[PDB]
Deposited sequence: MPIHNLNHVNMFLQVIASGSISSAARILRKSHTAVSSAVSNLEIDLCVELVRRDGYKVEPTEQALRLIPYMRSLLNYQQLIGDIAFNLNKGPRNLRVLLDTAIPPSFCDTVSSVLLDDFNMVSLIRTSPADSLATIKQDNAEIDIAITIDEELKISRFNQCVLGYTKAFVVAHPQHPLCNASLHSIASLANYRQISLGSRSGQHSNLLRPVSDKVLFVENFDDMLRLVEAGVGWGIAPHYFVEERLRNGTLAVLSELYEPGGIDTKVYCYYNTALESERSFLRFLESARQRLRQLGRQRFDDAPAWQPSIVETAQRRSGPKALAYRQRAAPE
């Protein structure tokens, strides 16, 4: 039949392409859906979408009709305008940043992972709007690598996360599979080949 797969906006495009490619190799019919991780898990939970597989970074252990696995990792950066107040410290820390405002994603309840670090916050609905605001000094934010690679190699934006996690904040990328699919050798073959290829990318 059709299998439907969700991937969030934090999943780098090489990642999304690698997954899709393997699925079409080991599945007949593949429909791809994209949402922000908060709406990633909410969306699969709605049950009206008939999402069979979801690849996101948001964590929830007991979900109905869905099991969990780790598919790999992605990296994320705390970014902010170079002339944002914060940049002048040179040694920025989660306490030093809790005073200044965070553009954060939120689309009503919130997960722990995507919980805001600050009392002064502003919710945005996608990453492009987050970064437009950040680039206007409105606040600071947590964005994926693939999104801000260019604005950081261009000096447009800066990084404050090189004390917390040098190199980027290594987040897990989870695969939330529908329970039934566990019994299809196809799902397992997808899983094997994907996990391998993604690690091969990591080099």
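A.B. asks: Spell out the unmodelled ranges of the deposited sequence for me, N- to C-terminal, numbering from the first residue.
C.D. replies: Seq positions lacking coordinates: 1 to 92, 200 to 201, 298 to 332.
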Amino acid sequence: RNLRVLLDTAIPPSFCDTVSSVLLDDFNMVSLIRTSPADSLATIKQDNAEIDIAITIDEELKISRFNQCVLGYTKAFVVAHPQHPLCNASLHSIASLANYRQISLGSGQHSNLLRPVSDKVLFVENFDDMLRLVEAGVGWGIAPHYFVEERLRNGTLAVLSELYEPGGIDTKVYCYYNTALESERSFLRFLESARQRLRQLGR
From here on, numbers count along this sequence of modelled residues.
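A.B. asks: Can you let me know which of the two, 172 to 180 or 45 to 53, has the higher average C-alpha B-factor in the entry?
C.D. replies: Comparing averages over the C-alpha atoms only gives 45 to 53.
A.B. asks: Could you check the entry and say whether 81 to 89 or 112 to 120 has the higher mean CA B-factor?
C.D. replies: Mean CA B-factor is higher for 81 to 89.
A.B. asks: Can you tell me which of 26, 58, 150, 165 has the highest Cα temperature factor in the record?
C.D. replies: Answer, based on the entry's C-alpha B-factors: 150.
A.B. asks: Quick one: which of 130, 97, 76, 71 has the biggest Cα B-factor according to the entry?
C.D. replies: The C-alpha B-factor peaks, among 130, 97, 76, 71, at 97.
A.B. asks: Sort the modelled residues of this chain by their C-alpha B factor and say whether residue 203 lands in the lowest, middle or highest third.
C.D. replies: Residue 203: CA B-factor falls in the highest third of its chain.
A.B. asks: Please place residue 154 in the lowest, middle or highest third of its chain according to the CA B-factor in the PDB entry.
C.D. replies: Its C-alpha B-factor, which the entry lists for residue 154, ranks in the highest third among residues of this chain.
A.B. asks: Relative to the other modelled residues in the chain, which third contains the C-alpha temperature factor of residue 138: lowest, middle or highest?
C.D. replies: Its C-alpha B-factor belongs to the middle third of this chain's values.
A.B. asks: Based on the deposited C-alpha B factors for this chain, I'd like to know if residue 14 is in the lowest, middle or highest third.
C.D. replies: For residue 14, the deposited C-alpha B-factor lands in the lowest third.
A.B. asks: Please place residue 186 in the lowest, middle or highest third of its chain according to the CA B-factor in the PDB entry.
C.D. replies: Tercile = highest for this residue's CA B-factor.
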